Every structure is written in C-alpha cells, then in structure tokens.
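Numbering (PDB author numbering), first residue to last: 52 to 463, 468 to 573, 576 to 861.
Quick notes on the structure that follows.
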Ligand SMILES: *[C@@H]1O[C@H](CO)[C@@H](O[C@@H]2O[C@H](CO)[C@@H](O[C@@H]3O[C@H](CO[C@H]4O[C@H](CO)[C@@H](O)[C@H](O[C@H]5O[C@H](CO)[C@@H](O)[C@H](O)[C@@H]5O[C@H]5O[C@H](CO)[C@@H](O)[C@H](O)[C@@H]5O)[C@@H]4O)[C@@H](O)[C@H](O[C@H]4O[C@H](CO)[C@@H](O)[C@H](O)[C@@H]4O[C@H]4O[C@H](CO)[C@@H](O)[C@H](O)[C@@H]4O)[C@@H]3O)[C@H](O)[C@H]2NC(C)=O)[C@H](O)[C@H]1NC(C)=O
Ligand SMILES: Cc1nnn(Cc2cc(C(F)(F)F)ccc2CCC(=O)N2CC3=C(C2)CN(C(=O)c2ncc(S(N)(=O)=O)cc2F)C3)n1
Ligand SMILES: [Ca+2]
Ligand SMILES: [Cl-]
Ligand code: NA
Ligand code: NA
C-alpha cells in the first residue's frame with residue numbers, strides 16, 4: 052500500500068479502491084491501508100460530540116468533530132444535539148410517539164431507508180431488567196414492533212450470527228460455522244485475529260448488501276473498524292443520508308462491540324454492566340436526534356437487533372478432556388462453550404473417533420458436556436453439513452466450558472461471562488425491535504428465529520431475497536405494508552386410492568396373526586371406515602401434499618389414515634386424533650407378534666416379517682399405536698403390515714413410551730391432540746429428504762429402508778377450552794425429530810424407567826414443522842380456516858421447554 056495519496060474529500064468513501072492505492076473507507080484501518088491523512092481528516096475529535104450554548108451560531112472550524120454553525124444542516128454535519136441546544140427543539144425520546152401510518156420522507160427519497168443497529172451480546176432480558184437506564188431503546192420497543200426475544204442460530208457466537216442475520220442462512224450453509232475454523236479442502240484456518248478472515252472464499256450465500264447492490268439498491272458499508280468510535284459511526288451514517296439522491300444509500304448498518312465486551316469480563320448482570328447499557332442507549336438517542344434534525348425520523352425504518360445473549364461462565368466451571376482421554380495429545384480441540392474435536396495429524400491411522408466418543412460418554416455423574424457424532428446432533432441445530440464442522444462435537448451445558456488440558460485455562468481467572476451454547480438456552484436469546492413506517496405500531500409479536508430477518512429486510516427494501524432458510528411470509532405479521540404474499544407449493548404426486556385387490560394367500564411374508572374371528578350391521582360400517590368416514594376426525598388439516606415425484610397410496614381406517622409409500626414400503630405419514638376422553642388399552646396376548654397382510658397393497662410393495670427375524674439388530678414398531686385403538690375390532694387395523702416400520706429395540710423403548718403414555722398425557726393437558734407421525738431419512742445429514750439411492754442401510758436381506766429419524770407433529774386448539782377436533786381459532790403445535798439409534802448412549806440415565814429419561818430426550822429433539830417438511834418433502838396444514846401467513850408462523854414455531 053503506497054499511502055502517499057490523500058483522503059481530502061474522500062472520507063468514508065462507499066466504493067473501495069484497489070491496492071496499492073491508499074484507502075479512506077470505514078474498513079481501511081483493519082487492512083492497515085489508510086492514507087497518511089485519514090486520522091487528521093476523517094477521525095476528527097476536536098471539541099467533543101455535543102453542541103453547547105456558546106458554540107451555537109459559531110464560525111465553521113473544519114477541525115471540529117461535529118459542527119454547531121448555522122450552515123451545518125445543509126452540509127449535513129451538525130452534532131446530533133444541535134437543534135436541541137441551539138434551536139430549542141426537544142430530544143426524540145422526550146416526544147410522545149405518534150403512529151407513522153406512511154413514510155414522511157424528504158423529496159427525492161425513492162423508498163424508506165433501512166438502518167440496522169446491531170448490538171453484540173445484547174441478552175433478551177436486558178429490555179426489561181435494564182429498562183430504567185435505556186429510555187431511547189425502550190421508546191423504540193414500545194412504540195414500534197417488538198418480540199420478547201429473538202432466537203439466534205447455533206453456535207451462539209458473534210460471526211456465525213451476524214452473517215446469518217446478513218444472509219438468512221444456517222451457518223452450515225453460509226460457511227462461518229464458528230469464530231474459529233479449519234477448512235480441510237483449502238488447508239486454511241480462519242480466526243477472529245489476522246488476515247485470512249478477509250478472504251471471500253470463507254463467506255458463502257449472498258448477504259443483504261450484495262443483494263441490494265445487485266438489484267440497484269445502494270448500500271452503506273456494514274463493517275466498521277474497531278478503532279472508529281461509535282459517535283463517528285453515527286455521524287458518518289447521518290452524513291451519507293444527506294448525500295444527493297443518486298449517491299445516497301438506502302440500507303445502512305451500525306455495530307456495537309458492547310454489551311458483549313463488558314459482559315465477558317463481568318457476567319451478564321454484573322453491576323459494571325449498567326454503564327455499557329447507558330452508552331448504547333445514548334448512541335441510539337444520537338441516531339434518532341440526528342434523524343429528526345434531517346426530518347428522517349418518520350421516514351426511516353430502524354431495526355434494533357442482537358446477535359446472541361450472554362451467560363455466567365467462570366474458569367472453575369471447566370471440564371478438561373485430560374480427565375477422560377489418555378491420548379489427549381493426538382487430538383485438536385476447538386474449545387470453549389462448545390467443543391469440536393479432530394485428529395492432530397491426519398497421518399495417525401490409529402486415531403478412531405468411536406473410541407474417543409465412548410471415552411467421553413457418561414463417565415462422570417454430573418458431566419457438564421455430551422459428545423455427539425455431528426449427524427446425531429439435534430436436527431433443530433442444523434449443524435452438520437459442512438466440511439468445516441468436525442465429525443465429533445461436544446454440546447456443553449450452559450454455564451460451563453470444555454478445554455483440552457488445565458494449562459490452556461491458566462496459560463492463555469479473567470472472564471465471568473460467555474456464550475456459544477445451544478440456541479434454545481434462555482441466556483443465549485437476544486433482541487428484536489422494528490421501528491418505522493413499514494413496521495407496525497405498538498405491536499408485540501411472538502418469538503422468532505434470526506434466520507427469518509433476511510427476507511424481511513429484503514421486503515423493507517423492495518428486494519427479491521436470494522434463496523435462504525427463512526420461510527418467507529412467516530414474519531409478515533411484523534409489517535404494516537410491503538408484505539410478501541406467498542402461495543402454497545403445488546403438489547407434485549397425487550395419491551392412489553386402492554381398494555381390496557389381493558387375497559390373503561398371495562402373501563408370503565412369514566408373518567402370522569391370531570385373527571381368524573368372524576353380520577350386515579358392522580360389515581357395511583367397517584367398509585365405510587376403509588372408504589374414509591372418520592377421515593374428517595383423523596385428518597383435521599387436509600392431507601399433506603407430497604412435493605416430489607413418487608408413488609403412494611392413501612389408506613383409510615377407523616382410527617387413522619396414512620400415505621403409504623410403495624418405494625419406501627412404509628407410510629410417509631400417519632395421521633390420527635386422540636380426544637381428551639379416549640382410553641389407553643393394552644396389546645392383547647394373542648396379538649403380541651401379529652402382523653397382517655393389507656389386502657389393498659401388493660405383496661411386492663409390502664414389508665415381510667422374515668426380514669425382521671433374520672435381522673438380529675432390527676425389530677419393528679407401529680406408527681398408529683395399537684395402544685390407542687378405539688375398539689377391539691379396530692385394533693386389528695393397527696397390526697397391518699402397512700402400519701409397520703423398522704425399529705431398533707433400544708429405540709422401541711422410547712417409541713413405546715411416547716405412544717403408550719405421552720400421547721394420552723398430551724390429549725389430557727391440551728384437550729385432544731392430532732398426531733401425524735412418520736419416518737425420516739437423512740443419511741447425508743443435509744436436513745433434506747433423501748432420495749432412494751442415498752439410503753445407506755436396509756433391514757437385512759430386503760428392500761425395507763431404515764429411517765435415521767422418526768417425527769411427530771402434535772397439534773391442538775390454542776384456545777384449549779375447545780377440543781382439537783372442533784377448533785374455531787388458531788392452532789397450537791409442538792413437534793419432534795427423534796434420532797433412530799441402536800443404543801440409548803445419549804441418555805445417561807437410560808438404564809432407569811422410561812419416565813425418568815424419555816421425555817427429556819424428546820425435549821432435546823423438539824423441532825419446527827418446517828424442519829420436518831425439509832426432511833420429508835411434505836407440506837402440512839393445507840386445509841385450514843386460517844390465513845397462510847399465520848400457518849407459516851405456526852410452521853416455524855419451536856417449543857423450547859425452557860422456563861419464562
Ligand atoms: C438452507 O438454504 C440454502 C440455500 O437455499 C440451501 O442450500 C442449497 O441447497 C441446494 C441443494 O442441496 C444446493 O444446490 C446445489 O448447488 C450446487 C452449486 O452450488 C454452488 O452455487 C450456489 C449458487 O450461487 C452457491 O450458493 C454454492 O455455495 C456453496 O458452496 C460454497 C463452497 O464451494 C460455499 O462458499 C457456500 O457456503 C455453499 O456451501 C454450502 O453448500 C454446499 C452445496 O452447494 C455444501 O456442500 C456445503 O457443505 C455448504 O453447506 C455453490 O458455489 C450444484 O452443483 C448442485 O447440483 C448437484 O446436485 C443435483 C441435484 O439436483 C444434481 O442433479 C446435479 O447433477 C449436481 O450433481 C453433480 O455434483 C455432485 C457432487 O459434486 C455429484 O455427485 C453428481 O454426480 C453431479 O456431478 C445443487 O444444485 C445449493 O447450492 C445450496 N446453497 C447454499 C448457499 O448452500 C439449504 O438446503 C437450506 N437448508 C435447509 C435445511 O433447508
Ligand atoms: C460477521 C459479520 N457478518 N456480517 N457482518 C456485517 C454486519 C451485519 C449486520 C447484520 F445484522 F445486518 F447482518 C450488522 C452489522 C454488521 C457489521 C459488523 C461489524 O462491523 N463488525 C462485526 C465485528 C466487528 C465489526 C469486530 N468484531 C469482533 O472483533 C468481535 N469478535 C468476537 C466477539 S465475541 N463476543 O463473539 O467473542 C465480539 C466482537 F466484537 C465482530 N459481520
Ligand atoms: Ca438428506
Ligand atoms: Cl467456535
Ligand atoms: Na430382529
Ligand atoms: Na444410556
């Protein structure tokens with residue numbers, strides 16, 4: 052860099068110039084590339100950040116940081132409080148808030164600008180707990196649209212989350228999977244410190260500023276060099292807002308290192324935390340006062356958003372891999388509030404991940420982390436499908452750290472706070488407030504995930520979003536206008552409706568049943586149950602649509618309905634309703650090993666019992682539980698070969714408990730439940746439905762594919778005074794994606810009775826319906842009385858099982 056060029060008239064230039072020409076942009080300090088005069092011209096500090104009575108009407112001294120002269124408004128370089136001190140105006144916070152029904156912008160403005168005020172480590176509970184010291188932020192919150200909290204992505208670190216906010220993508224898809232990373236294809240590393248993080252090969256997807264530029268919307272630069280003070284960042288944004296209509300950007304970003312920086316040292320609620328919250332609020336006040344001076348305070352949309360929260364973590368709460376592993380020098384550990392382990396050297400052929408996992412599995416009674424092969428991580432975390440995420444992962448308990456050896460903790468107590476844990480943990484939750492003409496007025500919205508904002512910021516700017524992991528329309532309820540009006544995806548495969556086409560004797564399945572037991578009253582009645590008379594009861598929200606090319610059958614029964622796949626030889630889904638009044642019955646002795654041919658489905662597209670006998674590892678279970686049959690005659694339907702699915706005996710303990718106990722418990726507590734359950738196949742852990750040829754495992758000697766997971770979607774009336782089957786209003790849902798595993802090594806207390814561990818496992822693997830759609834290629838809730846945007850919101854809902 053030949054720094055002999057100048058920054059005269061180029062301060063915070065929006066277009067970056069190429070080396071070895073010197074730079075004057077808001078990033079030049081980070082690349083050590085600024086022109087010699089950058090500090091003098093662009094980082095002026097003289098006389099402070101606020102006008103004073105004496106300075107009012109002064110003679111323009113260009114050296115001053117901000118100006119109090121009469122001409123300053125037209126130059127667009129006044130101090131933010133100029134009109135308060137020198138013209139008797141009020142601070143924006145002291146004004147009563149008034150609905151902004153339409154953009155009230157200066158002439159020339161083609162759209163409301165968007166300003167994103169991002170705050171590092173701004174824990175959700177600070178909005179309540181620090182409300183007395185943050186009046187500007189509290190005005191934004193209460194007069195704008197706010198959520199009680201926003202759910203970050205895993206890992207709940209700064210870079211993964213800022214780039215998820217920028218792109219709408221899960222870290223596995225955008226590539227910033229941690230604050231620290233190794234890419235084995237590049238043979239490069241990425242760190243917070245240093246120069247390799249500036250290379251564009253690390254950064255996938257399309258962040259907002261590129262989406263804007265590519266579509267003719269001009270963007271301020273989002274990144275700010277750490278040395279540039281906050282007051283200067285604000286003044287720069289206000290200066291840009293004063294630019295000519297053909298140069299002025301439409302989207303802007305501010306970033307604060309606080310309260311994260313203090314929160315690390317002092318803990319999330321340390322008494323030292325009050326001051327950082329005062330300064331952030333003061334900065335917001337400066338922005339809104341500056342906007343008001345420029346008559347932009349009822350034109351611009353302001354987003355106040357955080358990347359993650361902050362938890363209490365100290366050095367004494369550190370698990371050391373040295374107290375579990377003998378071989379601790381043959382591994383590399385990405386440490387901290389999560390753990391990622393790989394081999395220290397790829398030439399070491401004695402390195403076995405299986406032995407390492409086993410040595411970290413349930414070894415101490417209070418063990419404050421749990422090891423996982425990455426594909427066994429809860430699917431809600433979507434943290435697997437990247438070569439940068441190590442095969443071995445440690446999910447660390449909230450409040451704790453994992454390190455390799457004790458020397459790493461005392462040769463690196469200092470910190471009292473940290474983050475990075477599971478994104479369902481309360482302490483990791485962060486904030487969202489939207490304020491402006493396109494946002495709603497004094498509106499609370501439910502919690503939502505940060506992956507959803509990319510779309511909304513595209514809507515706010517009139518942009519078409521790049522393909523991302525948001526569900527577009529699920530956050531339309533934040534907006535007065537500029538809503539995106541989505542359509543249901545078209546069904547690709549239509550079902551067959553097979554009647555009775557096969558004789559018992561055509562089947563040679565090795566299956567037996569004790570069912571040779573014999576009337577016109579109840580033969581016409583059961584006929585109509587196989588044509589779909591109780592389908593109104595058991596399929597409450599329409600049949601799910603299959604959104605890919607396949608061959609399947611709708612099978613009707615008294616207690617349940619299924620979409621049976623001829624390719625996978627099992628239901629893709631099974632739907633049934635259990636009212637509050639329904640009764641659990643036992644599986645009778647004569648039917649214990651009963652499997653019956655389904656006369657509507659060919660032998661060739663059926664499973665068989667012989668495969669299950671020959672497979673000593675694999676057993677089988679049922680999607681509609683026999684336990685909940687409506688009558689002894691109806692119970693025979695639950696033993697059909699078309700209701701059967703492959704299950705490991707270790708997983709059957711879980712499934713049986715869910716089906717026998719929990720389904721009824723949920724129907725009691727929620728006033729009936731509709732359950733839709735089924736298999737999932739994700740052998741390549743991309744979070745997406747596997748095609749046939751991706752299946753790595755079959756029931757031995759057969760074409761019966763083995764699920765990697767089993768799902769259920771449990772729906773009822775949000776108004777729980779109405780029964781699930783007759784609900785007039787909004788729905789309530791919770792779902793799960795249980796891993797289909799041949800042991801229960803994940804559950805350290807699995808030797809005990811299922812009532813001590815099963816429900817706990819299901820909670821860990823809670824899921825959004827949208828997760829299940831991605832994984833199955835199905836589309837649920839097709840026929841309701843509710844708006845589609847409300848259904849989209851419901852589909853992205855996650856039941857977290859955390860307290861308030
Ligand atoms: C979350 O949202 C995202 C975004 O919508 C979803 O991710 C998408 O999923 C698609 C389906 O899996 C995927 O589509 C593929 O695109 C391939 C081309 O990809 C490049 O171009 C895109 C578009 O600009 C770009 O975004 C991509 O960037 C990825 O890769 C670079 C690294 O080079 C990273 O910088 C970046 O972070 C991103 O990485 C992530 O995605 C890749 C996969 O693309 C993962 O491997 C990484 O781990 C990481 O997660 C790329 O630059 C295209 O080549 C594919 O086509 C193959 O498959 C089709 C199937 O129809 C087949 O018919 C074709 O023949 C073709 O196969 C050929 O190659 C095979 C393998 O080499 C071989 O086996 C065959 O024999 C053939 O030769 C495919 O169309 C799309 O790229 C990603 N997009 C992103 C941004 O990730 C994600 O699904 C959502 N998540 C959930 C849960 O819903
Ligand atoms: C990363 C990343 N991806 N995209 N962006 C730009 C961006 C997007 C938005 C958005 F909200 F709109 F998306 C909104 C704003 C932006 C601009 C982001 C920006 O100016 N910076 C991010 C950052 C800077 C400067 C310096 N950083 C640290 O050194 C740092 N590191 C680790 C931790 S911690 N607490 O985790 O240990 C804390 C830290 F402060 C991170 N930054
Ligand atoms: Ca898959
Ligand atoms: Cl990390
Ligand atoms: Na078996
Ligand atoms: Na166990």
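Every residue gets a Cβ at the ideal spot worked out from N, C-alpha and C, and that includes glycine.
Heavy atom of ligand 5 within 7 Å of residue i beta-carbon
{"i": "residue 676", "result": "yes"}
{"i": "residue 673", "result": "yes"}
{"i": "residue 670", "result": "yes"}
Contact test: residue i Cβ vs ligand 1 heavy atom, cutoff 7 Å
{"i": "residue 510", "result": "no"}
{"i": "residue 438", "result": "yes"}
{"i": "residue 224", "result": "yes"}
Exposure of residue i, with buried meaning 16 or more beta-carbon neighbours within 10 Å
{"i": "residue 351", "result": "buried"}
{"i": "residue 386", "result": "buried"}
{"i": "residue 695", "result": "buried"}
{"i": "residue 664", "result": "buried"}
{"i": "residue 432", "result": "buried"}
{"i": "residue 727", "result": "buried"}
{"i": "residue 187", "result": "buried"}
{"i": "residue 748", "result": "exposed"}
{"i": "residue 758", "result": "exposed"}
{"i": "residue 97", "result": "exposed"}
heavy atom of ligand 2 below 7 Å from residue i C-beta
{"i": "residue 213", "result": "yes"}
{"i": "residue 217", "result": "yes"}
{"i": "residue 545", "result": "no"}
Residue range of the unbroken alpha helix (DSSP H) whose run includes residue i
{"i": "residue 329", "result": "325-344"}
{"i": "residue 445", "result": "No alpha helix (DSSP H) contains residue 445, which is instead part of the beta strand (DSSP E) from 443-447."}
{"i": "residue 409", "result": "404-410"}
{"i": "residue 134", "result": "133-138"}
{"i": "residue 593", "result": "592-595"}
{"i": "residue 290", "result": "281-292"}
Backbone secondary structure at residue i - three-state DSSP
{"i": "residue 630", "result": "strand"}
{"i": "residue 624", "result": "coil"}
{"i": "residue 616", "result": "coil"}
{"i": "residue 89", "result": "helix"}
{"i": "residue 174", "result": "coil"}
{"i": "residue 261", "result": "helix"}
{"i": "residue 440", "result": "coil"}
{"i": "residue 210", "result": "helix"}
{"i": "residue 512", "result": "helix"}
{"i": "residue 697", "result": "strand"}
{"i": "residue 239", "result": "strand"}
{"i": "residue 99", "result": "coil"}
{"i": "residue 363", "result": "strand"}
{"i": "residue 112", "result": "coil"}
{"i": "residue 308", "result": "strand"}
{"i": "residue 268", "result": "coil"}
{"i": "residue 608", "result": "coil"}
N- and C-terminal bounds of the beta strand (DSSP E) containing residue i
{"i": "residue 766", "result": "766-774"}
{"i": "residue 791", "result": "788-796"}
Any non-hydrogen atom of ligand 3 closer than 7 Å to residue i Cβ
{"i": "residue 751", "result": "yes"}
{"i": "residue 431", "result": "no"}
Heavy atom of ligand 4 within 7 Å of residue i beta-carbon
{"i": "residue 231", "result": "yes"}
{"i": "residue 385", "result": "yes"}
{"i": "residue 389", "result": "yes"}
beta-carbon residue i near ligand 6 non-hydrogen atom, thresh 7 Å
{"i": "residue 531", "result": "no"}
{"i": "residue 417", "result": "no"}
Q) Are the region 245-260 and the region 60-74 touching, with three or more C-beta to C-beta distances below 8 Å? A) no
Q: Check whether the region 545-552 touches the region 592-612, taking contact to mean three or more Cβ pairs, one atom from each stretch, closer than 8 Å.
A: With a cut-off of 8 Å, the region 592-612 and the region 545-552 count as touching, because enough Cβ pairs lie within range.
Q: Would you check if there are 3 or more beta carbon pairs closer than 8 Å linking the region 259-272 to the region 100-116?
A: no
Q: Decide if the region 622-635 is in contact with the region 733-740; the criterion is three or more beta carbon pairs, one per stretch, under 8 Å apart.
A: yes
Q: Just jot down, in chain order, the residues whose CB lies closer than 6 Å to any heavy atom of ligand 8.
A: In terms of ligand content, the structure shown lacks ligand 8 and carries ligand 1, ligand 2, ligand 3, ligand 4, ligand 5 and ligand 6 instead.
Q: Would you check if the region 173-193 and the region 481-497 touch, i.e. whether three or more CB-CB distances between them fall below 8 Å?
A: yes
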